[PDB]
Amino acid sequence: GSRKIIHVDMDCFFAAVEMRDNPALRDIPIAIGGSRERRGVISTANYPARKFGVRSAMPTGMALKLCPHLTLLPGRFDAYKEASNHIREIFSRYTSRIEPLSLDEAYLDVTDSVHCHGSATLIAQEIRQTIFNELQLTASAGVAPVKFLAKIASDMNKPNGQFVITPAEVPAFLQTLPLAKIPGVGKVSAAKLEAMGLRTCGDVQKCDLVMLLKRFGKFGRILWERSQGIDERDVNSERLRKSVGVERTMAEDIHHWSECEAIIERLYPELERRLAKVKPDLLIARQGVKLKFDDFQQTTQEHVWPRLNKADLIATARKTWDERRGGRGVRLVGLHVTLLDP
């Protein structure tokens, strides 16, 4: 009853597209991200920049101190969406069991596939080669019997490589696998788990489910299961977007409501244009706003509302501005919408 799951993951996705499209960037350290003046962060970087320590989510000021010659690009999201569409169409040549997780990655269930004599190893290889040939971008893959292991596997032998975990191999693999490598166990949880002597899945196997449940809720069950290779989540392929949001961090904190309102007036046409691509009538389930203060606390207020409406978004921003700003400056304003259910 063993399934074959493939995880495919593009290498340095945004950066790889910039190099393909401008070969002058191939061998110098580059990065997509907001500028230091914009108070931005690094979205991604190429391997010459990562050599210096540059990583995704790093403040750009830190990126520039580690790598003073970093060339900073603003990002061409239509070019990335284009490549993303193409790889998903390449996935569809092999199976309809495709669950994308972001622009540049997807799960595939090829258990019932007849390509490559049913070899999931050979299918992943054909997909990576077919992605290089037609997009001039490279990809890595992971093959495993369950989702999370296949996704860990695709990280292990990148760039432009893959890694296979057979059922016979998973107990040795799990025994020293750091918990933090499981998708969904993040920095906070890893630090909690560390602080009680739990670092690897091997550690968690020595733990009682009842204890983990009390101490972590449903998260504890997930921990207990993943630590034994248990991950029965199906590859979906029918998932749908539930919300759309637009927000901007200003280069300077704002302190006056006129400033906040001026910002909303520019965010709103962008939110409308994007909602309209998916919902021409703008019919929604909820709409709302987001403020991030200078103590980095963040608040949102959203409410039931039937149709994208700009003045209600301003009025809600007004209450939030008065009722819970407490004289702090504000570094970010955001608009938000929750999509109807079907």
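Numbering starts at 1 and follows the sequence shown.
For the pair 2-10 and 331-339, the record assigns the higher mean C-alpha temperature factor to 2-10. Mean CA B-factor, 305-313 versus 64-72: the higher value falls on 64-72. Take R274, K290, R50, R26 and read off each C-alpha B-factor from the entry; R26 has the highest. By the numbers in the PDB entry, the CA B factor is greatest at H115 among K147, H115, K242, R239. Looking at the C-alpha B-factors along this chain, the one for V278 belongs to the highest third. Sort the chain's modelled residues by C-alpha temperature factor and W257 lands in the middle third, per the entry. The deposited CA B-factor of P59 belongs to the middle third of values across its chain. Sort the chain's modelled residues by C-alpha temperature factor and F219 lands in the middle third, per the entry. In the PDB entry, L212 places in the middle third of its chain by CA B-factor.
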